[PDB]
Each structure stands twice: as structure tokens, then as C-alpha cells.
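Chains as they are written, first to last, in the entry's author numbering: chain Lc, 5 to 56; chain LH, 23 to 235; chain Lf, 6 to 132; chain LU, 2 to 158; chain LT, 2 to 171; chain LR, 2 to 179. Think of the CB as a built atom: it goes at the ideal place given N, C-alpha and C, for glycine as much as any other residue.
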Amino acid sequence: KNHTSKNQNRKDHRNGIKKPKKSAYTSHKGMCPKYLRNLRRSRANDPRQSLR
Amino acid sequence: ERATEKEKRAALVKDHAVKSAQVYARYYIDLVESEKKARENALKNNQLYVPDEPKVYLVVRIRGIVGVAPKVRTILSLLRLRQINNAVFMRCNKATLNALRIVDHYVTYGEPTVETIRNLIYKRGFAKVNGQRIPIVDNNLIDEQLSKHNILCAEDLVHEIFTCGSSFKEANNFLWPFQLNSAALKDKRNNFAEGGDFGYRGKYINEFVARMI
Amino acid sequence: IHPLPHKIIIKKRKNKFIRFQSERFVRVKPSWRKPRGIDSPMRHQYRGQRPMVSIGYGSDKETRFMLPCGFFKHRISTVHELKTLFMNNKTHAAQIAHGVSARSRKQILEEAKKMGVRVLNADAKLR
Amino acid sequence: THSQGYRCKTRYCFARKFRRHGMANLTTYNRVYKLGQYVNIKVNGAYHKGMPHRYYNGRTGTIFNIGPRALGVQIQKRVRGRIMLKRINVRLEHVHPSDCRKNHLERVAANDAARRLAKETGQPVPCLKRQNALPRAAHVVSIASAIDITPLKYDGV
Amino acid sequence: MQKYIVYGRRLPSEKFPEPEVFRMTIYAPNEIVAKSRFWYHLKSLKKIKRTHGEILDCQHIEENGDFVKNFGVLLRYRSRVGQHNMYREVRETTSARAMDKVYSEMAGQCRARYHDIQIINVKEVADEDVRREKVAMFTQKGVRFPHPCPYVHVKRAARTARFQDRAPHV
Amino acid sequence: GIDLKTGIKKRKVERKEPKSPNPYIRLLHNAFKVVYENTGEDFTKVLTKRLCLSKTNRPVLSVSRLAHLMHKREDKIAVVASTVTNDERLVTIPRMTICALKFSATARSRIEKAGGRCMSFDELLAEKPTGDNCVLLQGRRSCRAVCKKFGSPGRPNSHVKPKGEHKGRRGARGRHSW
RNA sequence: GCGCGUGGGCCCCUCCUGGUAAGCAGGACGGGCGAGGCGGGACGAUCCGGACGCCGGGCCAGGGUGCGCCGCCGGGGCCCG
């Protein structure tokens, strides 16, 4: 056999079809830098601020 | 004090049962009479009285667990039919009835009569308490798990299942899927319409399950 | 010498489990060994193959380890062991070891009679 | 499949419709998009920059990033036994707003509306749960006009 | 086998408030086969699928067996080569019984099963009009015929009595 | 045959008993389990599982972390299921009541000098078996050097250090060097 | 988290491709055998049913019911397997 796709979909669905995990949806990877800098500037004020 | 509460509760369920058994019996008798009178009125008017569409079906798996297709297996597991000769009651809605047609080859279904429901609930009925198969031998076990749904006694149970009432899902889930004797089966390969056994048997499910109980 | 009443003792298989092909070859001993061949008719348990050892054949816990008399067995080598091991049990019976000499087996039998302890091999080395 | 280029088997997928060849309507560039909006991805053949891949055609995603000219959208792609969140940047011509949850948004509004209306008049609360068809009621049908119908004879040969 | 007059209509729609009620007489072993054969005819004749339609009633007809009547059935059957039409007359006590006779003769001679035979018309033919010679033979009042099979009685009796002192005379 | 392979997803392994040869740890686990059976207090449900944990699962908690954790609640008795250790970095330890499986000698002296009481699990069972006025605290599990290296180094999104010295250009100096 | 075996597959369905075809060579959803005992198709790794602790009773699938060989009779039609 040069190639077979038989059983491949039984193996995939045996313990698989898994969700991409949380923190992947709310990841900042590939978000515009200028927006991310604005977010950090806004967060660092009053209740959101986490510095001393 | 717990024994005193148990004695008091037992009487309340027995009292509810001595009344319900008689209330429900009138409802079943009236249903036969009401359809008959409505039919008589319709024929005088040259009209036809259509009866109400079935609201509950008794589904019995008639095929084995070997070589089952993945969709078929998934649907059968949701019907709770995981072994051959197992029987369950399901509500009739487009969501259940479209799924049942996909698994028709593996099952036989029909509208159940009240006597067929009573015999299954009494002779073969087992609860699902703590994920265990606990035999339903008394009205106390039904009261314990279904008092919230007002299903205090066995007559309430064979009534909810038959009328497909508000607490049908709770009542049906309380019952471990029925385990029955082996069916006669003229032909497992074809549909009851083609003269086999699979698919809609209609009123004939009552006859089919009779021997199995 | 008479034990507790007990229940019927059901032995799931009366005959011993014999190794496959022990009959054909002397080199293959009858002691049970699990078949592990790629094409072994006994591994496949085909029709007419010899029965396979399984936990299902296990005896009832209540009547397991019980001698045909109805008393379980305790192996005795010295009078102290009879006095200590058979401490008022009505369930177990004594059985003197093969090694114990005739001279000692008279003093082991005598203490047993005083303690009312059944000895399964009472008539051993008797001359 | 000896050759696997970025645009293979795209003869029909990345080709414009019978009378739709031409320049994108200005609405595509005038539609406001907000983060978390569901957007369907359908390639436009005319536009060759920001084009997604043939897999992404027919997929619905949420806008993780909004950027000067292209919106970043995250779809779920089933790779073997795992679905992976594939973040892609797609130019406006190939991203169209999805009705998607529009039914749910309508339902949330209608359920709340039919709750307040009841508090005022028609006090019993309405059933705000979907019922999947259900069986038909008994009803009555006149068979006065009933027509007999019979199997017809064969005439083909 | 039982004779069921089945009524059915398309589901009521905004486009048509009362769809037409259709009536067919279907001969079937049970009600579920009769409602299936109803929809098979409805799908072809009036373009009504079961999903798009309702069964108003499946009334079972009781037929008297007091007297043998000449019956005439016009049907269409599919052979391996292609479909054909056929008129068969059978004399039977009831119309369902005559349909059973027609189905058994079709299975025996034309090798056609119930599903591949459509019953265009079932009527009670008069004694005067009997195109089939077999039915015409018994139609005349005086019909003395010697027993067709008196061998069967002695062969049947001999199953219980395997060994007999004499060979039985018929 | 019954189809038990559909909506059913195998069984899980959870340590229900401590693998510790120490007789003391077994004595407390059985005691805390007996309390849990009779009164299903969730503080005792966790303590019973915190005594069954492995050494790696049970990390050390210093008197510096405990001071920070109990900053708003001096009255509450810290309950640690591992070793309490001294932090020479913190010059002054506050008075705190801590109950642990072991206190380092340097830590034990410091807590007593502060006026705090170093309790033991047996003492906690005698005074507060259900866990009243007690906080179940835990050290940082993923602080082990072994945890830092878990993963496939050399994968683009892995962000983990390689196990050996390696000392070469290919694959290290950025995505392009692969 | 740590690892093992495996990376020669084959067969039935279904649409396939090349070839005159093939128990041929290549694809593919699903299932089976591999690694599934057992009853049946005379025989048969895969077909039809049914997937296996050890037993006793009952029911009964699939396949059948002259005799070998457990188990059949009734009715309608045909009628040189």
C-alpha cells in the first residue's frame, strides 16, 4: 500500500476531536501592537492598575 | 424519629396511590369514550375525526452490537439502547423521530398501550438510583426520587409515561433501560412494512413486547 | 471431631486442568501453562479444545480451602504449635507434617485428644 | 494530486459568479466590524492580496484583531484528532459579516419582550423555550369532498 | 388480506387552507402496510410524500363470507423485462379472500411479490360476464366433478399410521 | 454483548491511599478520612487528598510565603500539608499559628520566638478536626527544575529551555537558524 | 508526566481509476478479519446472525425441518432443478 486513509478517522475520534483550549481565544498573539500598548496604558490606572 | 417520618411518609404515598389509581383509571376510560363520541359526531357531519398523533414510542433494539456504524452507535447510546432486546420509552418530537429513522434497521418502535406500560413498569421496572439498577418493588422508591416532579406512586409513573407529561424526561430517566426476553422476529433484515420486523410496528409493538416481558 | 454445619461444597471442575499437547509428548508436563502461540487452537479455544483456566472456575469464598470433612487444614509440627494455632477454633483441623517422627506423633495426638482437636492424619506412622 | 500549490483546485472556488465579475461594491469597505463579531470567509477572485486559502473558504470565525486594512479572524480547523484555532489575516473583500447568532440575538430580545408585555397584561408568562415540532393535535377534517384515487395502468410500452 | 379504506390529505398550509382529502381502498396484511401502500400511490399520483401528508383514518372493512361471489381484479405487475397489465377473475366468498387468491396465483405463475404488484381495480364480476374460463366453469348451477385429490386423504392418514396391514384403497 | 464504549470515557487513577511507608502519615490519613466519612466537611476532603499526594505534588512553604498569605488573617491557623521552611531573606517573621507535616529546625525556632505556635496534624485533629479558623495553603507545584524543562524545545511556540548544553548555532539563534 | 508495540496489512460494502480481463494493480466513507470464541452458509481468517467469567433453567436470532442429522405441517399457484 503506497497510501491508506482507512482507520485514520477511527483513531482521530478515539480520544480526540479536542477543543483548542482557553487562553488561545483571548491570546494577544497577532493583535495590532498599537492596540496592545493602548490596552496596557488604560489598564495601568486606578482599580485595573496592579502596580504599587 | 426517622422511623416515625418513614411510617408517616409511607401512608401519604399509599393514600395518594389509592386516590390516583382511581382518578387515572377514569382518565383512561374517558379517553376511549371521548374518541368514540368525537368519531360519531364527525361521521354524522360527513367529516372525519383524526385521532391525536402519538406522543411516546416504545423502542426495542432488535440487532446486536457487532459492526454498528458510528452515527448509529451514538444515536442508540442516546436512546439508552446499548444491548439487543433492550426497550426504552422516548418522546415523539422531530428531534427524536429524525434520529430514530437513521437507526431504524437496528430497532422496532410503536405506540405503547397503558397495560403494556403497566406490565413493563411493574414486572420489568428497575430504577437508576446512584447509577445503580435498584428494583422498583414499592411506591416508596418512586416517591424518593420523583416527589419533586409529583410522581409519588407507580400509577403516577405509568400515567406520566403514557400522557408524555411535563415530568416525562425525569420519569423516563429514573427507569434503567428495560432488559427483555428474546423477540420472535420474523425477519430482522426488512422493515415491518416490507413484512419484516424493523421500523414502525405501530399498535403491533404492544403484541411484540408482550412475550418479551 | 465434628465441624460447624456449613453449606454444600460445589467444585466448578472435578478434573485437573492439563497443559495442551501434554498427552502427545512426555517432555510437555501436564502442569497448566498458558497457550501463547500465534496459531494455537487452544489459545483460540476452538470447538473441542481442552478447557482454559479462568477465575470464573473459582470456588465459593465460604467453602474455599475446606477439606471434604468440613474443617480447614492447619499444618502442625510440634505440641506448642497445636496449642497456639488451634486456640479454640471449631473451623480448622490439624495435620501433622510428614517429617514429624512416630515418637513425637504420639505426644501430638495425645495433646490433640485433650484439646479435642481433629487430626486428619491420625493413622500415620502407626506400628 | 502530484502538485499542491497555494491555489490548486481553485478553478471554481476563487472564480466570480455568472454576472458578478468586477469591482467589489463599496459596502464591503463601509461595513463596521467589531472584535468578537462572527464573520463568514468567502474568497473574491478579483482581489489577490489578503486572500485566504481554499480551506478557509466557507469557514466562520471571530475577529481577534482589527487592523488598518485587513481583519484578523480566528477559525477552528480540525487537524487529525485536534481542532486548532487558526488565526488568519484576511482583507475586507474576502470577509463578510455572518448572521450566525442573529437568530439567538432575536430570541434573547423576543423572550425579554414577551416577559415585560406579560407583566403588564396577559399576566401568565409565555413559554420561551423552543419546541421541536411536536405531534399534531386530533383535529377534524371534512370527507364530504373526498375523491377516490386509484393506481393507473401501465402505458409506457 | 384485510381490506382497508385509507383517507389522507396534504398538511394544511397558508397557500392552501384545506388540501384535498384522498380516499383509496388498499388490501394489505396489516394497517401499517396499508398506510405505506397508500403513500406509495399518493407520492406518484398526487405528488404527496408521507412527511408532507397526514392519515385522516385507516378504516378496516368487514366482508360477509355467506356466499361465493365471482370477483375481477385488474392489476399491473413488474417482471424482470418490464411492467405489464393483467386482468384476473377469481371466485371467492369475500373480496379480501379473492385478493389473497390473486396474490398467490401471481406469486406461483408470474413470480411477482406483493410490493411489485399494484391493484388498479377490484370489482365483483357478474355471473353473465366471466372472461376467464375457470370462473365460468363453476358459474353454471350443476357442477358435479369427481374429487380432484382423494389420494391426499390416504397419504395424510398414513403419516400417523406408518405401517398398515393392507395398502389403503382410495 | 453490551456497547459500553460510547458515551463512557474510561476510568481515572486518583491516589486514594498514601504510598508513604512512614507509619505517622498513614495514621493521620486514616484519622482525617474517618472524620471526613462522619462529617463531609470539604476542608477535610482536601486534607485527606493532600496527605495522599506525592513529595513533588506537596511543595515546601516558607515562613515568608506564609506571612504574605496570612497578612489579613493573623487569627486563622495556616494548615500546610508539607514542610515549613525558614527564609533568611525575611528579617522579621510575624506571629502565626502554622500546622504542617514537618517544620525545619530554623523555621520552628523562628515561629516560637515570634510567639506563634507550630502545631502538628495530630494537634489540629484534636483542636479543630473540621477545620474551623484554618486555611489550607499550598506551595508552588510548578517551581521544580524538572517542570521548567517539560515540553519540546526547538518547536516555534514551545518557549522551553533544552535539557543539555548543545552550544551550537542551528535551531537556536531564532526561527531562521532552523 | 514517562514509555511500549506498530509504521509488509488484508477483506466485505460503496463510488472509483488503469487494464481485454483477473482470486489483477492502485484509491475511498464505514465495518470486519488481523487480534472475536460460538451457531449457520456441506466444506470456508473475513459471508449470515451473534462478539466469549463458571454453571443450571427458560426464550429465541441466523439458517433450516424425508433419512444420514436436532427440527413441519397446513393452504394457493407453477412444474422435465
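Roughly how many angstroms separate the alpha carbons of residue i and residue j, rounded to a whole number?
i, j, result
"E27(LH)", "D37(LH)", "15 Å"
"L179(LH)", "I148(LU)", "44 Å"
"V33(LU)", "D100(LU)", "14 Å"
"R74(LR)", "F44(LR)", "17 Å"
"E89(LR)", "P154(LR)", "35 Å"
"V96(LU)", "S99(LH)", "40 Å"
"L55(Lc)", "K77(LR)", "28 Å"
"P92(LH)", "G20(Lc)", "15 Å"
"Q44(LH)", "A115(LU)", "40 Å"
"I113(Lf)", "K103(LR)", "55 Å"
"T96(Lf)", "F70(Lf)", "11 Å"
"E94(LU)", "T63(LU)", "16 Å"
"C53(LR)", "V61(LR)", "16 Å"
"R123(LH)", "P20(LT)", "27 Å"
"residue 175(LT)", "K59(LH)", "This structure cannot speak to residue 175(LT), because chain LT is shown only from 2 to 171."
"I43(Lf)", "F30(Lf)", "20 Å"
Taking the continuous alpha helix (DSSP H) assigned at residue i, which residues delimit it?
i, result
"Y144(LH)", "136-145"
"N86(LT)", "Per DSSP, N86(LT) belongs to no alpha helix (DSSP H); it is in the beta strand (DSSP E), 84-93."
"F184(LH)", "176-185"
"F39(LT)", "32-47"
"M138(LT)", "134-140"
"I26(LR)", "24-39"
"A47(LU)", "Per DSSP, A47(LU) belongs to no alpha helix (DSSP H) and is neither H nor E."
"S96(LT)", "96-106"
"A101(LR)", "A101(LR) -> not in any alpha helix (DSSP H); beta strand (DSSP E) instead, spanning 99-101."
"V47(LR)", "43-52"
Given that residue i touches chain LH, what residues does it touch there, using C-beta distances under 8 Å?
i, result
"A47(LU)", "What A47(LU) touches in chain LH: nothing, since even the nearest Cβ is about 41 Å away."
State the beta-bridge partners of residue i as determined by DSSP.
i, result
"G54(LT)", "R11(LT)"
"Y131(LH)", "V81(LH), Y222(LH)"
"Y78(LT)", "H85(LT), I118(LT)"
"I3(LR)", "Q105(LH)"
"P157(LH)", "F148(LH)"
"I101(Lf)", "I81(Lf)"
"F200(LH)", "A109(LH)"
"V96(LU)", "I42(LU)"
"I6(Lf)", "Per DSSP, none; premise fails for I6(Lf)."
"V142(LU)", "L70(LH)"
"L72(LU)", "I67(LU), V91(LU)"
Just reading off the beta strand (DSSP E) that residue i is part of, what are its end residues?
i, result
"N41(LU)", "39-42"
"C119(LR)", "119-121"
"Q69(LH)", "69-71"
"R60(LU)", "60-67"
Under 7 Å Cβ-Cβ, which residues of chain LT neighbour residue i?
i, result
"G218(LH)", "None at all; the shortest Cβ gap to chain LT is about 11 Å."
Note down, in chain order, every chain LH residue with its Cβ under 9 Å from the Cβ of residue i.
i, result
"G2(LR)", "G86, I87, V88, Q105, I106"
"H140(LU)", "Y71, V72, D74"
Just the chain Lc side, please: which residues come within less than 8 Å of residue i by C-beta, in chain order?
i, result
"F19(LU)", "Residues of chain Lc passing the Cβ test: none, with the nearest at roughly 35 Å."
"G82(LU)", "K15, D16, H17, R18, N19, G20, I21, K22"
Kindly list, in the order they appear in chain LR, the residues whose Cβ is closer than 7 Å to that of residue i.
i, result
"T96(LH)", "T7"
Going along chain LT in order, which residues have a C-beta closer than 9 Å to the C-beta of residue i?
i, result
"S146(LU)", "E19, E21, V22"
In chain LU, what lies closer than 9 Å to residue i by C-beta?
i, result
"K33(Lc)", "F65, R88"
"residue 78(Lc)", "Outside the shown range of chain Lc, which is 5 to 56, sits residue 78(Lc), and nothing can be said about it."
Could you work out which residues of chain LH lie near residue i, taking near to mean beta carbons separated by less than 7 Å?
i, result
"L135(LU)", "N115"
- Query: Quick check: the region 16-32 of chain LR against the region 45-62 of chain LR, are there 3 or more CB pairs under 8 Å?
  - Reply: yes
- Item | the region 22-32 of chain Lf touching the region 47-57 of chain Lf, judged by at least three CB pairs closer than 8 Å | Cβ pair count under 8 Å is three or more, so yes.
- Message: Quick test of the definition: if touching needs 3 or more C-beta pairs under 8 Å, does the region 25-45 of chain Lf touch the region 83-92 of chain Lf?
- Response: no
- Item | the region 48-66 of chain LT / the region 131-146 of chain LT touching (three or more Cβ pairs under 8 Å) | no
- Would you call the region 108-128 of chain LT and the region 67-82 of chain LT touching, i.e. three or more CB-CB distances under 8 Å? yes
- Item | At least three beta-carbon pairs within less than 8 Å, the region 13-29 of chain Lc to the region 80-91 of chain LU | Cβ pair count under 8 Å is three or more, so yes.
- Message: Taking 8 Å as the cut-off, does the region 203-221 of chain LH touch the region 79-91 of chain LH (at least 3 CB pairs, one atom from each stretch)?
- Response: yes
- Item | Contact the region 71-81 of chain LH vs the region 134-154 of chain LU: 3+ CB pairs below 8 Å | yes
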